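# Per-entry structural report
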Amino acid sequence: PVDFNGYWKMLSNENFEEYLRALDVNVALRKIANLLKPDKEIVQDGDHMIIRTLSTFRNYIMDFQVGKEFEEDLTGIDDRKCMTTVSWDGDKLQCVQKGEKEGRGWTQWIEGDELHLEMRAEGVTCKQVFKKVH
Ligand SMILES: CC1=C(/C=C/C(C)=C/C=C/C(C)=C/CO)C(C)(C)CCC1
């Protein structure tokens, strides 16, 4: 396990448009979303974690307990509900989102002062990197 606490800004984004296409997100929103460089505020307190993907255009908030399955309301992305579980896999943070879509989930880890995040859905993989600014 590692410590994700902090405020992070996006450095890079790769294959995000195809990842959103796999979720049936409309073209217009896909183009707009891929041009946004959202911040990430993570509050880690024990096994309780809050991850806020921030943008004035639109936000997405996660508030969960590691190891405990919860009903994830993805309103704002594709408006789906998934039975999600986020667990530790060594120093990596694994998330599996069970629902209508195949292979939906993500993996997060740290390299120096950078947050690495890979998102997957329907066999598609998106890669993002963030820099710890606070
Ligand atoms: C579609 C869409 C967006 C998607 C956000 C996503 C897919 C966030 C995933 C966050 C995760 C996995 C956080 C855990 O570290 C954002 C809000 C950028 C802008 C508006 C359009």
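Residues numbered from 1 in each chain as written, not as in the entry; some residues may be left out. Heavy atoms only, no water.

The name given to the chain in the PDB entry is CELLULAR RETINOL BINDING PROTEIN, and the organism recorded there is Rattus rattus. The record for the entry shows the title "CRYSTALLOGRAPHIC STUDIES ON A FAMILY OF CELLULAR LIPOPHILIC TRANSPORT PROTEINS. REFINEMENT OF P2 MYELIN PROTEIN AND THE STRUCTURE DETERMINATION AND REFINEMENT OF CELLULAR RETINOL-BINDING PROTEIN IN COMPLEX WITH ALL-TRANS-RETINOL". Recorded in UniProt under Function (literature references left out), the annotation for the chain is "Cytoplasmic retinol-binding protein. Accepts retinol from the transport protein STRA6, and thereby contributes to retinol uptake, storage and retinoid homeostasis (By similarity)." UniProt's Sequence similarities comment on the chain is quoted here verbatim: "Belongs to the calycin superfamily. Fatty-acid binding protein (FABP) family." (UniProt positions renumbered as here; feature names shortened; annotations may be inferred.)

## Here we look at the site of the ligand
Neighbouring the ligand are 14 residues; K40, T53, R58, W106 and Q108 lie closest to it. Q108 places a polar side-chain atom, nitrogen or oxygen, 2.8 Å from an oxygen atom of the ligand. The protein chains hide 96% of the 550 Å² of surface that the ligand would expose on its own. Every element with two or more residues in the shell around the ligand is listed here: helix 1 (16-21), helix 2 (27-34), strand 3 (48-54) and strand 8 (105-111). When its residues are assigned to classes, the shell around the ligand shows 10 nonpolar, 2 polar and 2 charged. (Near = heavy atom within 4 Å. Polar contact = N/O pair within 3.5 Å; in protein donor to acceptor, adjacent residues only side chain to side chain. Areas by Shrake-Rupley, 256 points an atom, 1.4 Å probe, with all protein chains shown as cover. Helix = DSSP H or I, 4+ residues; strand = E, 2+ residues; numbered from the N terminus. Nonpolar A, V, L, I, M, F, W, Y, C, P; charged D, E, K, R; others polar.)

## Some points on the packing of aromatic side chains
Aromatic ring pairs are described here by two measures, namely the spacing of the ring centres and the angle between the planes. The final tally for this structure, using the stated rule, is 3 aromatic pairs. An angle of 5° between the planes, with centres 5.6 Å apart, marks the rings of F64 and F70 as stacked. In this structure, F64 and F70 share a single accessibility class: buried. A cation over a ring is seen here: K132 above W8, with NZ or CZ 5.4 Å from the ring centre. (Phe/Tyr/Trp six-rings, centres within 6.5 Å; stacked < 30°, edge-to-face > 60°. Buried < 20%, exposed > 50% of the residue type's maximum accessible area, 1.4 Å probe, protein only. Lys NZ or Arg CZ within 6 Å of the ring centre and 35° of its normal.)

## Quick look at the pairing of strand 3
Inspection of the sheet shows strand 2 (residues 39-45) paired to strand 3 by 7 bridges, in the antiparallel sense. Paired with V43 across the bridge in strand 3 is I50. Counting the residues that bridge the hairpin from strand 2 to strand 3 gives 2 residues, and of these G46 lies at a positive phi of roughly 70°. When strand 3 meets strand 4 (residues 60-65), the two strands line up antiparallel, connected through 6 bridges. Note on strand 4: the bridge partner recorded for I50 is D63. Connecting the antiparallel pair strand 3 and strand 4 is a turn made up of 5 residues. (Pairing = 2+ DSSP bridges.)

## Focus on the sheet that holds strand 10 (residues 124-132)
In spatial order, the strands read 4-3-2-1-10-9-8-7-6-5; together these 10 strands make up an open sheet with antiparallel pairing. Each end of this open sheet is capped by a strand with a single partner; those strands are strand 4 and strand 5 (70-73). The mean inter-strand angle of the sheet, taken between neighbouring strand axes irrespective of direction, is 25°. Looking at chain direction, strand 1 (residues 6-14) and strand 10 are connected through 6 bridges and run antiparallel. For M10, the partnering residue across the bridge sits in strand 10 and is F130. (Axes fitted to C-alpha atoms, helices over the stretch in contact; angles between N-to-C directions.)

## Topic: helix 2
Every buried residue belonging to helix 2 is among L29, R30 and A33, and all of these are buried. Buried residues of helix 2, seen end-on, are gathered within an arc of 105° and therefore sit on one face of the element. Elements that come into contact with the buried residues of helix 2 comprise helix 1. The opening residue of helix 2, the one whose side-chain oxygen lies 3.2 Å from the backbone nitrogen of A28, is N26. (Arc of directions from axis to C-beta. Contact = heavy atoms within 4.5 Å.)

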